[PDB]
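Inspection log for the structure reproduced underneath, given as structure tokens.
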Amino acid sequence: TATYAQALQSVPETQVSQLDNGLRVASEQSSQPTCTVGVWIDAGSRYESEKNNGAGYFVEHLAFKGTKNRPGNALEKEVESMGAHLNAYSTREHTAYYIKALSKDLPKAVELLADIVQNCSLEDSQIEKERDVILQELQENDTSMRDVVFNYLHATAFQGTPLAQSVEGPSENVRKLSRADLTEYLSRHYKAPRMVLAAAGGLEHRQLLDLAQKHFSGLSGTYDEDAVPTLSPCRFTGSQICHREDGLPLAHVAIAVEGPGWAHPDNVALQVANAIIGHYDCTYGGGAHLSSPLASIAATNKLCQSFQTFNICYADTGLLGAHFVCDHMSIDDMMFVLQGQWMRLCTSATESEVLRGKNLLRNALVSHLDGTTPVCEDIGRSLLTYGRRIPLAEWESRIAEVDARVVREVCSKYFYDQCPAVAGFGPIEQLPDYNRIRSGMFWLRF
Amino acid sequence: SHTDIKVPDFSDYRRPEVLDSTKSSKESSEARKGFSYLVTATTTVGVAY
Amino acid sequence: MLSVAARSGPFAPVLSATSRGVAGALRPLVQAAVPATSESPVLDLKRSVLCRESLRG
Amino acid sequence: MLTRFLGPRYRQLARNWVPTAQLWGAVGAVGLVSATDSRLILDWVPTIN
Amino acid sequence: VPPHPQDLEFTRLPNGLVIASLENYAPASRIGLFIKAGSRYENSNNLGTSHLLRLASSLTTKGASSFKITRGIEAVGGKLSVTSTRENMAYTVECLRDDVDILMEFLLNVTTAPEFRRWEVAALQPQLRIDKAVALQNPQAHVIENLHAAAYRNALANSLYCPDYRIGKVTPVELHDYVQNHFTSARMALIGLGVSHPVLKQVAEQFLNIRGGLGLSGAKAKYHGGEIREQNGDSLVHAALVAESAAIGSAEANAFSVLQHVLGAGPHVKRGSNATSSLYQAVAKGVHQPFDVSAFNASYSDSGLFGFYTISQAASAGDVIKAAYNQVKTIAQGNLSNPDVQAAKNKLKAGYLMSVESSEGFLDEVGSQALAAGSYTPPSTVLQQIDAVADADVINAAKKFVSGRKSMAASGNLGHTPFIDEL
């Protein structure tokens, strides 16, 4: 029987190959009869102006509504008739369109993906139906306290930078965005060196290549030159936005310090530290006995309904911290305990818990790369942010190296005596004053 | 619609070291905490006297 | 092609120690999110969706 | 009687608080010295007599 | 260059326990103990016992205290989760290869040596209410629970959630009785992923040799029919119309699965018109906007519920339902293509293969197979099984839906939601 360590070496190397465009085409062959193909693009909303904002989210809507070779609804009819699934997403920094389909179907899936990512038919009649659809989605998202808090958080931490914006854009932009606005944004961003065709499953890398030359030859070649800007850094500010509303029954709060971007090696230690603090929710079995002190004290004294630590990453910055949900009279204790753990970890982190963290992280990593879809997604994203595919063996080595000293050194650097970005919504009368939250980011013992 | 949620400009209040959206703030942090803390340290030395 | 729940349709709850309580088989909803006004709480006396024990670095 | 506090972790705890505890005692030391002057404990260095 | 695979090894022990394992050279492992113990084995005197049980996977066991279970598993970063359906209860445990042994031990302790101490069970009762409240915030969970209550007079009618009047009353003796009589060898299956057959086989012969409980798959689900209606004011009416279909494993079940795909299950395209969905286009044609439809298909050991589910504004419920029902009728009257069944076959097969893409998916599929059939049926033959479904088999299932005594559950402002009488 092979060991865990040995198994990490067994995962087939992700093969990377570049087209004469800038289009990277990468794959991880498995033995599965199913697969997942997709196009990851370096286009988000961190790339948008202000008047523009909402641009990509608007294209996502039109993306599967018709191409020039496949009109109004023909695309759907093809994807559906082969039993495939076509999905898509958009963050502040990434856009993706992926097809989840049978392995034989790889040729058509790539062909379809090309047609959508290049020959899109943003027909006036359709862009007009989508404005009504998007506005409703904005109305819907408003009822999600959690989505709101994270947008508030982004909006305050990144105050006057492009990162402060949301993906969907302001309602006024949704109703005024024109076809020209969308066409220009597509032209500026949907270009080869900023896209990666990724796949995973029962495919041979040569198929992917052939398909990529066959259906993607026709981008960046006779293109590029002037009008291709980079990304400017985004100042983190550290402040607070409170949206008092006693009508809602549970407070939502999200607090975070500025984290480093994707590239930085110290994300591993941050994740170990975050894993130790972990997450909680009112349906976890095991209450009082949970390892994480926050979790434990939260469940026993019922100081919350749920909480989760996060380490969000963007180009050269990020939001590192936690989010929680609770009754109006528990916001203070909840915070006190939350912050209690950061400092404890900043100052007195101990060896056993660090191993728990490392182990929680080894399981999260491996458990997440299970299935053509997450793996495919992983290939595409990685190449956009890392320029490589980081093999599990490397992440293992990076996790292995973390000990207590690292944890208390890396947490200190990002947490100890730094200003947080705080965002609150709901019954927040007892959300602590900023200064007090600020004063809980350091400790007088130490 | 909660997407219409602004964040009023504070340029009119921000220290100079933090006025540019174009750059980090991690740099001026040390100087900023430095200053504000030096002030309180000097004070305690004062009161101590 | 057994596995009643995945044969899609009948319900299947899950409890956990570290993960979260799930309730999740088949019926519509997904194409009511499209023709819309399919609200939802967010986080009214609840828990949390998507769940955790997934990550990276 | 009172020794559940023995073990790798407790030992680890102690070592993480050593630079701190030592530093803290020095505070109080210099503090006591300066408070009652260099006769009532600790004379020496650039200060008069 | 991926490594050449491995085949799943299967073994029925003479006491009826089944053991199945795949050695995928994965960094993690997965072990699940599948037990025929779902809510359908509860009766009038102990409803809810399987819920509380499902919530008690980490109470103290001989050999392992709660604290240990919780702290021991989290120390290697593994999981212990239990999931139930009306027929089975499945305890799965997951962790890296190097740690199977301890997880294996906790698994055995939870499923075969629970102590269910009076005080620990007392402290757990309120969880039934928190757990139940969280599941019930999806209008679907009410409806489907009411659907089964309405359709069956017996076993499958039981709810997967503890009835309110029992919260606080299920007793430690009722859990012990539920375990001694349902968690036995002849009703169990030990599936492994990332372990080896000898090890599972060893564990099974040493620890899973328990027997003295009940016997087969039931008291027998007697389908009866009828309808449950829950007035609500949710702005959206949820309704599900259903008839008796066919038991899982039978050829006829496959016909129903194919019918489900001719009519329409979930969506394939984000924010799509759902062109190949017979029900959807049929409702859409005469109903203008917020709405959803999907065929519904549930199949169990000795019965099956097939039909459709609808979500729509309160005043359009009648229209949505009537259009949906008429669409099925159209199929039952012969108006079915060949490329439609072909497309459905492709939607179903692609979906099945997709459903076992990952460990979690594969494992549950292997466990349920072990319980339902006592065999493991490879993807090749399942695809072959689906192909044998003829157009007439599909037509015949629709015809069976159209004329069978119906069952229905609906919640919302029911003022325009028809009664069956009126369908």
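We number chain A the same way Swiss-Prot does; the residues here are 35-480, in that order.
We read in the header that X-ray crystallography, 2.6 Å was used to get this structure.
Placed from the backbone N, Cα and C atoms, the Cβ positions cover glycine too.
Pulled from Swiss-Prot:
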type	residues	note
MOD_RES	A:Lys111	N6-acetyllysine
MOD_RES	A:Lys138	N6-acetyllysine
MOD_RES	A:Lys163	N6-succinyllysine
MOD_RES	A:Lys163	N6-acetyllysine
MOD_RES	A:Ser212	phosphoserine
MOD_RES	A:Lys248	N6-acetyllysine
Filter the modified residues A:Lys111, A:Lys163, A:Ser212, A:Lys248 down to the ones within 10 angstroms of A:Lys138 (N6-acetyllysine), Cα to Cα, kept in sequence order.
none
To see if you understand the setup: which same-chain residues, six or more apart in sequence, place their Cβ under 8 Å from that of A:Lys248 (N6-acetyllysine)?
none
Residues near the residue listed as 'phosphoserine' in space but at least six apart in sequence (CB under 8 A):
none
Cβ-Cβ neighbours of the residue listed as 'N6-succinyllysine' (radius 10 Å):
13
Across all the protein chains here, work out how many other Cβ atoms are within 10 Å of the Cβ of A:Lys111 (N6-acetyllysine).
16
Return only the integer: C-alpha distance in Å from A:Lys163 (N6-succinyllysine) to A:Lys111 (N6-acetyllysine).
20
Cβ neighbours of A:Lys138 (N6-acetyllysine) where a neighbour is any other Cβ within 10 Å:
12
Among A:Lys111, A:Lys138, A:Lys248 (the modified residues), residues with Cβ under 8 Å to chain E, listed in sequence order:
A:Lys111
Collapsed DSSP category at A:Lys163 (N6-succinyllysine):
helix
Determine, from DSSP, whether A:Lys111 (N6-acetyllysine) sits in helix, strand or coil.
helix
